[PDB]
Structures are given as C-alpha cells and as structure tokens.
C-alpha cells in the first residue's frame, strides 16, 4: 500500500483540503493528525481514503509520525500546504526503486550541512522543494514534507517525540544513525507548489514563495 502521512491544525484548513485533493487519486490511504481540532471538520467528508485523528496532545509537525504502518507499506511524508503533482507517486516510487541499489530514502527538499573548520564558518546548501534539480544528489538532511520511504525505514513516534522545532534534523539523525542513505531526486522547477492565504486580506494563492 502507498500511504501518505500528514498533520495540520485549524487555521490551515483551506490549505489542507487542497493538499489532500492533490494526493488522493494517487495514494492508497491518508493518515491525518488533526492537531488542536475539536471535531473532524466536514470539509474532509469527500475523501474515502482519509483517516483523521485528533491527537491527545499538540504534536505540531511531529504529528505525521503518530501513525502505525504495515510491514510492506511505502510511506509518503507530506505537508499540509503543498500541491503535489499528478505524477508525484509514480515518479518518486521509480526514483526509490531505481536508486535502491543500497538502502536509502529519496526526497525533494534537502540540504548539505557542512561543519565549521579551520576558521571556516558552518555552511548549508539547500535544494528546496520548489527548486529544480538536474541530476540526483546525496544529501545529509531531508525535509519531512517531501520524502518517500519504506515503513521499515521510518522512525517511530518514540524516536521523534520532542523534536517539534527541529523535525528534519531529528529525522535525518535517525537515518544517519541507522546508516540509511539520503538522496535528493531530480525534478523540473516548480514541480511542487505551495498554497497560501497571505497578509493581503487572505488572497488565495496556489503558487507561493
């Protein structure tokens, strides 16, 4: 099964609906951690695959890691305000299967953190989720809104709890710790988009920076 894991909270409801819409056709199931909701909103009633849960605490974006998997699931870790392309799962799965010559995970958003040395400051190269990337790269950090991995390779809630504030860092630390590789995959510019209603009287924006 292809399974998507997501978390939101109330003020993001408009963004969430569209993020789910973009995913629904192409995944087998969506786990949704509804942080700080009272009820499951009826805006979500259209989605047969959707599985919403009001958690016992505010996990924020650790929330995507609260859900159990099955042994053979492929997990798509998502964000609540990304418009995923029509061929997101097809493409990413083929990256994952082509690149599985050695035990690794694949992602869009990723960084190359470089430690300070000999007076040189600490450095970070970032390949963001909107940016294109011509050939694949080995990275040492991956954003949890654009990652594709086997249920086997996913860190549990026990591992990720408390990592609100640095979720990508705690995630990548688990990969580095279990020597699982990290691959940023190729994509044309603006393959993924971001939804938004901004400061200017909430104008809806399906193409955010």
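Positions refer to the first chain, counted from 1.
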Stretch with the greater mean C-alpha B-factor as recorded in the entry, comparing 193-201 against 10-18: 193-201
Got a sec? Mean C-alpha B-factor, which is higher, 153-161 or 38-46? 38-46
Per the deposited B-factor column, the C-alpha that peaks among 114, 77, 139, 133 belongs to 114
Residue 99: C-alpha B-factor third of its chain, per the entry, is the middle
Taking the entry's C-alpha B-factors for this chain, is residue 5 in the lowest, middle or highest third? lowest
According to the PDB entry, is the CA B factor of residue 87 in the bottom, middle or top third of its chain, that is, lowest, middle or highest? lowest
Chain-wide C-alpha B factor ranking for residue 119, given as lowest, middle or highest third: highest
Looking at the C-alpha B-factor of residue 180, is it in the lowest, middle or highest third of its chain? highest
